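Following: one structure in structure tokens, then a few remarks.
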Amino acid sequence: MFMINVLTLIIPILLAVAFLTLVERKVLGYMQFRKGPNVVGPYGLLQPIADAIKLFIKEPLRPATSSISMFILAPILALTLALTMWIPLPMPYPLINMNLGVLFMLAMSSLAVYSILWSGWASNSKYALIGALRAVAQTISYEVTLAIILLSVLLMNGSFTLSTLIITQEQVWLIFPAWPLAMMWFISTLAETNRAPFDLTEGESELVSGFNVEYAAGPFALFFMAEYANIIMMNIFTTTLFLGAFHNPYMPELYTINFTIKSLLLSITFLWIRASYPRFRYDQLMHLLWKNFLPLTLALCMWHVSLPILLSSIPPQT
Amino acid sequence: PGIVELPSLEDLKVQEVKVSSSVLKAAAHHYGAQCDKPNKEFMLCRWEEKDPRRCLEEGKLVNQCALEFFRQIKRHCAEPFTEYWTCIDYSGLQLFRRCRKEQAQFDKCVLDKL
Amino acid sequence: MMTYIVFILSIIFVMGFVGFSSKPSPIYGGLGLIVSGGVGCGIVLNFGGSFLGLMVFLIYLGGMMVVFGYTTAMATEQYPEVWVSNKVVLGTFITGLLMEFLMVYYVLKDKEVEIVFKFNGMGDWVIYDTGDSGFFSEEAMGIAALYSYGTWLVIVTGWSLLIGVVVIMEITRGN
Amino acid sequence: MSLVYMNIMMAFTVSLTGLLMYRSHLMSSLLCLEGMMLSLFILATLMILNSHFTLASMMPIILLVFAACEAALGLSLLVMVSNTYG
Amino acid sequence: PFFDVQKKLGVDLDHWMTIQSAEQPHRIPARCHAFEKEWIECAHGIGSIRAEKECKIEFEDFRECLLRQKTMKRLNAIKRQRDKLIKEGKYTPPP
Amino acid sequence: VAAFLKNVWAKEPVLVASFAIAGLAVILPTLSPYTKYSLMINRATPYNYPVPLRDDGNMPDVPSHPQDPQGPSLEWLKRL
Amino acid sequence: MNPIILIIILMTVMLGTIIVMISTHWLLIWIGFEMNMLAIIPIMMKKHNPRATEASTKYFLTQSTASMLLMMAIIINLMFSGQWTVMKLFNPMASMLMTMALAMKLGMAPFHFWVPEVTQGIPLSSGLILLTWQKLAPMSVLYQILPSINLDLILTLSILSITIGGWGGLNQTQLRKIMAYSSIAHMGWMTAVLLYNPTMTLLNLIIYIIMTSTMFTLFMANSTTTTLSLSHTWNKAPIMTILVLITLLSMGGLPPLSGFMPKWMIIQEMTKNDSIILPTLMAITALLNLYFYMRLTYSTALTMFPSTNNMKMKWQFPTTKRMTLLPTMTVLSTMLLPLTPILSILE
Amino acid sequence: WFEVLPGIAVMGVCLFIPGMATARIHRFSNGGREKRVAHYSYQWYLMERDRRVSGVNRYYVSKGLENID
Amino acid sequence: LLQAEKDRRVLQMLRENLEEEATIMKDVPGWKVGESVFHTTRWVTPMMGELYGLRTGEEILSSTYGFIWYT
Amino acid sequence: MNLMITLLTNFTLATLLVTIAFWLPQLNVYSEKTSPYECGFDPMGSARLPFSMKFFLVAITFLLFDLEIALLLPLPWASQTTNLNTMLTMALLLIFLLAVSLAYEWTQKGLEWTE
Ligand SMILES: CCCCCCCCCCCCCCCCCC(=O)OC[C@H](COP(=O)(O)OCCN)OC(=O)CCCCCCCCCCCCCCCCC
């Protein structure tokens, strides 16, 4: 019964990754004024299976790793984190209801970078090293800021439960009480994934994803997996945190529907932002975070420490 | 060094209140309203002298009060209370903001009659 | 239905350091620690330390070990990254701490202890929580007391940190 | 003192003997120190939360914060030492 | 040279987290509380020189709350007879 | 002053607005009328069972029967 | 460096030690040590030469790990019947680990390995602030926790400090090293008496602080890292040198000079109790340190025999190098033995 | 133009399946009604009390007012 | 109500422990009848080790480790 | 235990999928191995490295700012007590102190990133 629950959670996020990649290719296609894949199956529904079994079957391809340990560690870690992140996300019901919750997601999201340190470490290519160190740097710098945001927007919940969030949302979406901090936290969600503008790239550039996206073949179908699945997550955790629907018990699938729709549309907006804008150069990015985001986050935060005591509504910890 | 003494097993085995937390919650709200002549007294008892096994007799007392409370709600207003605790027992932290209609309904049977 | 899992996690936790502390390179140092620390989440959590466990699961795991592995990865570059050496005394102390650890989990009949360190006491049973308190973590409320009662304490901490900044950069030569 | 205490102490002393008896790599020293520090975090947590002594629960937090702003200092001195030679 | 300012200026600094009996955030008794109450009641006005001597009995009581060496050893002594009487049947009362 | 603030708000609006949210966040909790309400609320939620005391030989107040009004009344929260 | 930041650091060192003295809670005292380290790493290294970097590291490792061992002992106190206060430790073992810990914090026999090295690495002023100020905190803790001290340890660590640390320094022509080993010897005394009558420990503490104070201040007057530098200053200007030597004999405890006073009172309150043999076993080694220091007093004479005294080095311009309070502490460490009925003012 | 919307629909089924899954599995495996939420020790205590007074060992059947009769 | 019920339950349980102990431990090396171990005789809460033991070990799982990891 | 089963599964499927992904390519129909791989000469990608203080300092400030962040993390529990004055005072004080660290480092030569 319980392993049934686990399987029903984790298999559909993988299928969700495949057909997500489909929707990505299409939305970018028409956004670019051209039809996406039609010629694999009808309408493009066989495209993932192509990508899937082929991209699995192309042979391992290079080089001496120098560490047999890490090379087969990092993918397992990246997946395992990407799969367990989905546990607390509320849904009508969490599948594990944790008192703390959201800071558990915050915590594992903080662990997610060892796959980049180790992945980029075992290349034996001294350039992919440097690239990896840098990607760790930007991911980590946006692990600073984001944490403070959750530590603010949550302060209108009154507890970490991640369930009571759906209780706060009943009257008004949390986007209204703070829009700006929600804006900064959206862009923050673009950060770690390194969607455009924040992505690094091919041609001439730091090429972190040059060997990172190149190397490890099938295990690149893994890093591929954890990256897209992690995307769908951060979209969902946005949908839960900064907005949400009314939960009518006796009919949970109603809230499940509405939740699903808004989340999917949000991810759609990721893929079309990536279409939309150019990339920042690296330093302008890092100290764009240090220049402006983090100070204004501090301001809004202290204003949310002082605010609820002003208006005399401070939230009811259960 | 000192040997403890505990009451005879038959000093225990007084009465029973067997109900779910759900019913016991709202029914608890009402008897906590009208009862509590004995049990607050009980609380200054085991609170003041504190030695559970010293005051347990008055535990028999409070158990008596609650027992006859549920008895009166049995023979008096039965159905509306039943639908009420069964709608509060859909649970998810048993919220009192959930099923109101039968809160007012229940206090309506009670007040209208008892 | 073992329910020794606090003690199993304690044992693996020890094993991490035991077999860990040797060999020349830190590159596996990070691995050894992060294993032992996550097991530390195991222990602390299995006593119901939920928040604290999550903080050693955030600060120390993420912040500490990520910054370590970041510097190590930056300072040292490993072409070979071999199995190296020095692990001999680590495994031999896994045997001496295997029959010593099995000596403290063996002699555990009645009370077990050592003649070097302080006393211990032992035996198979474990003591825990009861006496429920309604709607209390018994912990997080404690930290609410950090902000209420921890006036002097948060003062000295924070100050020691900001000094942390000026010291660190001062040593990295801003001039 | 139960068992877990015995075991965590043995971890502590493994880290300490590993500190004193290996000078080869400095990062390894600093590390072993830090792992020991973790073990102290675990001790104070298990104890305090065993006795349900709540007001003192900070000792894990505030004991852990100086596990870092001191450690960070450690690594900075490590870099400034390495750039002397190598 | 340990100085006492915080009694001089009349300010509490560390006196709140000092011992288990202090006022808790929302008062929850510590496990061994009452025995703290008696150990400090015994050793309060005295000098820890003869508090060692005369408060020994009640102090050891407190220790036997905290660590639970002796009672744990007692339960152990119960399973140690239980064990060898699995051979010679004492059966079981429980269900 | 006026020119200085106009220029720092011409160049770096994020930083000016940040100091504004900061400062206003500092002062406003002192002035606003609603402050005391929050405190009285927060004190009105018991986490811990109210424990009776010996009644006879005392000054009458906070009376036995929970309906007897002599005790404190949060009714001001009942309608607010 | 900035001339503010040094004030905003030294202020934090003073603050940290003040906290180690003031707080009645363990976790605080542990924090006070942490702040004295964190803020004392910048004071050393002030000039960026690598010597101060490696030396400052050797300070940082052993000092920090000492702090951690202290925390371990505190926690074992929590295990055994326990609360967080400052008072007699309830564990004999916790007292053991804590005497070892405070034996690393300040230089002692098994743990003294770092002091000479770090003292020669770092510059003068850091040398002053290392061998005096940071030495106030641990004694301020031991004075508190003495009732549970196992006598055999601290007595041992004291003697072995005097024997080893004192016996050292012989071949050393460096100064900073000499000041280090002498620090370890005065340590052996201050900690020797600690269990009997701590008043004397604070006494030798204070006198000692004055001693190393004038010593290092004179080394700032005439900037000298070696004895050769001392002689060359003797042929530059005499007075500063004879102040250095006379203060060195006061550092040897020679009867008319004020350094003899802590030795002498320590011998009273040491020998009115039962054991007379151990004080003599200290006084022997004290003579050893003496005629070493008086080797450093045949470093000088007049109608000298050839020291190769060179030239250029007569100068027409006096030096403006600011010496903060030299004279008061010079006369105060020479002339003080005709005082001390004043001893009891201290406690 | 419509090419993407079937794929989006499939994403909708694919993210929408675990919600109905876990919800219906509560409403089945856990009895007629939701699983309790134990976050605070008090609520757990009430759970195991229901457990003991069920005679089924399960907090699913709640007994009822007439169980005292 | 929950308080009175609880304390009756625990006293019942501890006395059952007392009688079982009395049956098993009859022999020469007498510790005599079930006793406190403290030097002062007055009520002190059970250890939860004393209460649950010899209990078949099934409900010590859910009671001792039960609350953590939820239901 | 339940979430621990979820961790056992989620670690399996990771392991299983990895294993499949290693088998099938070297379980493939024909695997052929020839080409030399030159680790060899230093300038292929980049050359050597003179690791620069900037990135490391970013790790550092990530530490100090973490510490202040987690020290700030329990606040949502503490925002409700019977002392509000002190609460506001030392929460605004604390994160204000964070912003003081940042403001200092932003005043000195630190960051600025073109060097
Ligand atoms: C060489 C490497 C080998 C290892 C490789 C590992 C790969 C994967 C690493 C990443 C995964 C880390 C997972 C960590 C899980 C942490 C769980 C947690 O903290 O849960 C919080 C929750 C709090 O419960 P709460 O809501 O308060 O209460 C419930 C009702 N009362 O808590 C609970 O409900 C209680 C749960 C207790 C269950 C035991 C937890 C044991 C954790 C062991 C971790 C081992 C791995 C360490 C990490 C290694 C990282 C490289």
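A short reminder: the numbers here are calculations on the coordinates, not readings from a lab. So basically every Cβ, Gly included, is an ideal-geometry build from the backbone, and we count neighbours across all protein chains shown.
A compact table of results
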{"read-out": "At least 20 Å along the helix axis (C-alpha) and Kyte average at least 1.0, DSSP helices within chain C", "value": "C:5-20, C:27-46, C:87-104, C:151-171"}
{"read-out": "Theoretical FRET efficiency, 1/(1+(r/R0)^6), r = Cβ-Cβ of G:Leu339 and D:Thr17, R0 41 Å, to 0.05", "value": "0.25"}
{"read-out": "Per-residue Cβ neighbour rank within 10 angstrom, fewest leading, F:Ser73, H:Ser29, C:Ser133", "value": "F:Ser73, H:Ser29, C:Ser133"}
{"read-out": "Stokes-Einstein D in µm²/s, Kirkwood radius over Cα pairs - chain G at 4 °C with 1.567 mPa s viscosity", "value": "62"}
{"read-out": "Taking D:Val14, B:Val14, G:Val141 and counting other C-beta atoms within 10 Å, the order from fewest to most", "value": "B:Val14, G:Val141, D:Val14"}
{"read-out": "Sum of side-chain charges, E:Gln81 neighbourhood, beta-carbon under 14 Å (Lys, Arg +1; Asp, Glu -1)", "value": "+4"}
{"read-out": "Separation of the G:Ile277 and E:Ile57 label points, Cα + 7 Å toward Cβ, nm", "value": "4.3"}
{"read-out": "Where labels lie 7 Å past Cα in the beta-carbon direction, separation of E:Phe3 and E:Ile86 in nm", "value": "6.5"}
{"read-out": "Two-decimal Rg to Rh for chain A - Kirkwood Rh, Cα set", "value": "0.97"}
{"read-out": "Of the chymotrypsin sites (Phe, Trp or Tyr not before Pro) in region C:83-127, those whose Cβ has at most 12 other Cβ within 10 Å and which sit in DSSP loop", "value": "C:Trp83, C:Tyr106"}
{"read-out": "Degrees between helix E:33-43 axis and first principal axis of chain E (Cα, 0 to 90, nearest 10)", "value": "50"}
{"read-out": "Gyration tensor (alpha-carbon) shape descriptor, region G:213-347, a/c threshold 1.5", "value": "oblate"}
{"read-out": "Proximal charge balance of D:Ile62 [Cβ under 13 Å; K/R count +1, D/E count -1]", "value": "-4"}
{"read-out": "Between region A:77-94 and region G:290-347, the alpha-carbon center distance in angstrom", "value": "74"}
{"read-out": "Cα-centre dipole for region J:28-107 with unit charges at Cβ (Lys and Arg positive, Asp and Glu negative), debye to 20", "value": "80"}
{"read-out": "Net charge dipole size for the protein assembly as shown [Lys, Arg +1 and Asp, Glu -1 on Cβ; Debye, nearest 20]", "value": "1960"}
{"read-out": "Gaussian network model of chain G, Cα within-10 Å springs - most flexible of G:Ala73, G:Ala301, G:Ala221", "value": "G:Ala301"}
{"read-out": "Calculated FRET value between B:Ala104 and B:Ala78, using beta carbons and R₀ = 30 Å, to 0.05", "value": "0.95"}
{"read-out": "Separation between Cα centres of region A:239-318 and region C:7-55, rounded to whole Å", "value": "34"}
{"read-out": "Cα gyration tensor shape of chain C, rounded if a/c is under 1.5, else prolate or oblate by comparing a/b with b/c", "value": "oblate"}
{"read-out": "Pairs beyond 22 Å (Cα-Cα), from B:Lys50/E:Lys53; A:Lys291/F:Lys6; E:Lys73/I:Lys26; G:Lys135/G:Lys177; B:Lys50/H:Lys63; C:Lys87/C:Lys111", "value": "B:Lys50/E:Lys53; B:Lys50/H:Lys63; C:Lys87/C:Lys111"}
{"read-out": "Neighbour-count ranking [beta-carbon atoms within 10 angstrom, fewest first] of E:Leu13, G:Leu6", "value": "G:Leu6, E:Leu13"}
{"read-out": "Fraction of alpha-carbon pairs over 56 Å apart in the protein assembly as shown - percent", "value": "31"}
{"read-out": "Only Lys, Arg (+1) and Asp, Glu (-1) charged, at Cβ; chain A dipole about Cα centre in debye", "value": "440"}
{"read-out": "Anisotropy class of chain J from Cα gyration tensor, a/c 1.5 cut", "value": "oblate"}
{"read-out": "Exposure rule at most 12 other beta-carbon atoms within 10 Å, DSSP loop trypsin sites (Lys or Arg not before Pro): chain A longest free segment", "value": "A:35-280"}
{"read-out": "Most fluctuating residue given options C:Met64, C:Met103, C:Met74, as computed from a GNM of chain C linking Cα atoms under 10 Å", "value": "C:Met74"}
{"read-out": "Residue range of chain A that is longest and free of chymotrypsin sites (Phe, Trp or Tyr not before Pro) which are both DSSP loop and sparsely packed (at most 13 other C-beta within 10 Å)", "value": "A:34-245"}
{"read-out": "DSSP H segments from chain A that extend 27 Å or more along their own axis, Cα-based, with Kyte-Doolittle mean of 0.0 or above", "value": "A:2-31, A:126-153, A:217-241, A:252-274"}
{"read-out": "Exposed-site-free run, longest, chain E (rule: GluC sites (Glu not before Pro); DSSP loop; at most 11 other C-beta within 10 Å)", "value": "E:24-87"}
{"read-out": "Proximal charge balance of C:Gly53 [Cβ under 15 Å; K/R count +1, D/E count -1]", "value": "-2"}
{"read-out": "Dimensionless Rg/Rh of chain E - Kirkwood Rh, Rg from C-alpha atoms", "value": "1.23"}
{"read-out": "Degrees between helix H:4-29 axis and first principal axis of chain H (Cα, 0 to 90, nearest 10)", "value": "10"}
{"read-out": "Cβ neighbours within 10 Å from other chains - mean over A:13-19", "value": "5"}
{"read-out": "Candidates per trypsin sites (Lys or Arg not before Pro) in region J:28-115, loop by DSSP, up to 15 other Cβ within 10 Å", "value": "J:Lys33, J:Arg48, J:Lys109"}
{"read-out": "Residue among C:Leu108, C:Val165, C:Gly121 farthest towards the positive dipole end of region C:101-175, charges placed on Cβ", "value": "C:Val165"}
{"read-out": "Positive-end residue of G:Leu218, D:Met47, A:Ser163, charge dipole of the protein assembly as shown with Cβ unit charges", "value": "G:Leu218"}
